[PDB]
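Every residue, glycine among them, receives a Cβ derived from its backbone with ideal geometry; neighbour counts consider all protein chains shown. All of the numbers you see were taken from the coordinates with simple rules; none came from a lab.
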């Protein structure tokens, strides 16, 4: 009887058990919440014959 | 190969050679006509691996 009551109390105060895969996703989600950094005015070509 | 056939590369080469500098008469319009003639004096012919 008594330690069985103890088991209920201990598991109640700990909560659900999580694996490693859960923790990795949370760390990745933090970076995604920051958001991308946008810098305009970057070239999208290069010259092989400049106009003259 | 890309730099060999480039119109830009041929233009920078002639401007730093003594062969071209002694042929400048001093008129801005004449020199530009002379320089454009020299650019066409270099020809690049791509090859074929099928015919070796």
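Figure the gain on full extension for residue B:43 and residue B:11 (residue separation times 0.36 nm, minus the Cα-Cα span) and round it to one decimal in nm.
10.2 nm
Could you work out [θ]222 nm for chain A from helices alone, using -39500 (n - 2.57) per DSSP H run of at least four and dividing by all its residues? Round to the nearest 500 deg cm²/dmol.
Taken over chain A, the calculation gives -16000 deg cm²/dmol.
Hey, rough spin-label estimate for residue A:12 and residue B:1, points 7 angstrom out along Cα→Cβ, what's it come to in nanometres?
With each label point 7 Å from Cα toward Cβ, the separation is 7.8 nm.
Would you mind computing, in nm to one decimal, how far apart the modelled labels at residue B:32 and residue A:23 are, each placed 7 Å from Cα along Cα→Cβ?
7.1
Compute the long axis of helix A:2-12 from its Cα atoms, compare it with the longest principal axis of the Cα atoms of chain A, and write down the angle in degrees, 0 to 90, nearest 10.
20
Starting from the Cα of residue B:19, step 7 Å along the direction of its Cβ; do the same at residue A:34; then give the gap between the two resulting points in nm.
Taking the simple label geometry, residue B:19 and residue A:34 are separated by 5.5 nm.
In deg cm²/dmol and to the nearest 500, what is the mean residue ellipticity at 222 nm of chain B if only DSSP H runs of at least 4 residues count, each as -39500 (n - 2.57), divided by the residue total?
-14000 deg cm²/dmol
With angles folded into 0 to 90 degrees, how steeply does helix B:28-39 sit against the dominant principal axis of chain B? Use alpha carbons for both and round to 10.
Roughly 20 degrees, rounded to the nearest 10.
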